[PDB]
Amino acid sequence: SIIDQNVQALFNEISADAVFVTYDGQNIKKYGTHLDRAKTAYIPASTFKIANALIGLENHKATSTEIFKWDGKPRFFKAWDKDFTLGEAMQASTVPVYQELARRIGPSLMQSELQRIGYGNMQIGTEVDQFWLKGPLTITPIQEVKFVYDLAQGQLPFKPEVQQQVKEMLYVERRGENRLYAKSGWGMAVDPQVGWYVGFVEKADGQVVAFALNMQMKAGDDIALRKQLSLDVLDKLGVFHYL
């Protein structure tokens, strides 16, 4: 089809190894310049915030209303030097807030929860607030896509209201009836560095298309390339048309 050519020609300009996986609940589809990335495991980086919020809410370690207060120590971004709810920190990808959450869960409960839900290789190592940024936790694009697909559907092994709350923490924008939810990632501490843009498009019809961009990153890259490439792809596929 011509839509496949349109999508592949998008990647034919990107000077970085990339894969974009889709999942409509039945078919996995892969596009990009290196399809084998879809089956390769990378650290989740900030996409792990999804599982971290789910585990923390499920296990009475935080609420979606609770305020995670700034402790006064300057964070990496001046924008992070304030108080956040888990929702607000999800949109800002505020790493220190989610590290505080991981420490509340603790390594024993984090480990057993990741085994219970089967998230990636389920390895956390010995630093409970570092494993998704430096390893040893890894996950494939195919695994990320089926994970967030189930989140959209309320079919993860979590309480239904916990999934609903984390689902709307991911809410980016709606276009007419169709809703985009997404979370970006950039694992800089590993080699190669890995970039993520994972999420799903919910139609008012109820159909869901989950997606995961996974691409190699270099220091200095355009931080906005992950989201703009994913939205380009979704429009060319006719999943999430530009308005």
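Rigid core here is just the name for the largest C-alpha set that superposes within 1.5 Å across the two forms. Residue numbers run from 1 along the displayed sequence.
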Is 228-236 or 8-16 the stretch whose C-alphas end up farther from this model in 9 other deposited structures of this protein after a rigid core fit? 8-16
Give the stretch, out of 159-167 and 75-83, with the larger mean C-alpha temperature factor in the deposited entry. 75-83
Comparing mean C-alpha B factor in the record for 209-217 and 170-178, the higher one is 170-178
Looking at the entry's B-factor column for C-alpha atoms only, identify whether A62 ranks in the lowest, middle or highest third of its chain. middle
Of the three thirds of the chain ranked by Cα temperature factor, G120 occupies the lowest
Chain-relative CA temperature factor third for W186: middle
Sort the modelled residues of this chain by their C-alpha B factor and say whether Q26 lands in the lowest, middle or highest third. highest
The third of the chain into which the C-alpha temperature factor of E88 falls is the lowest
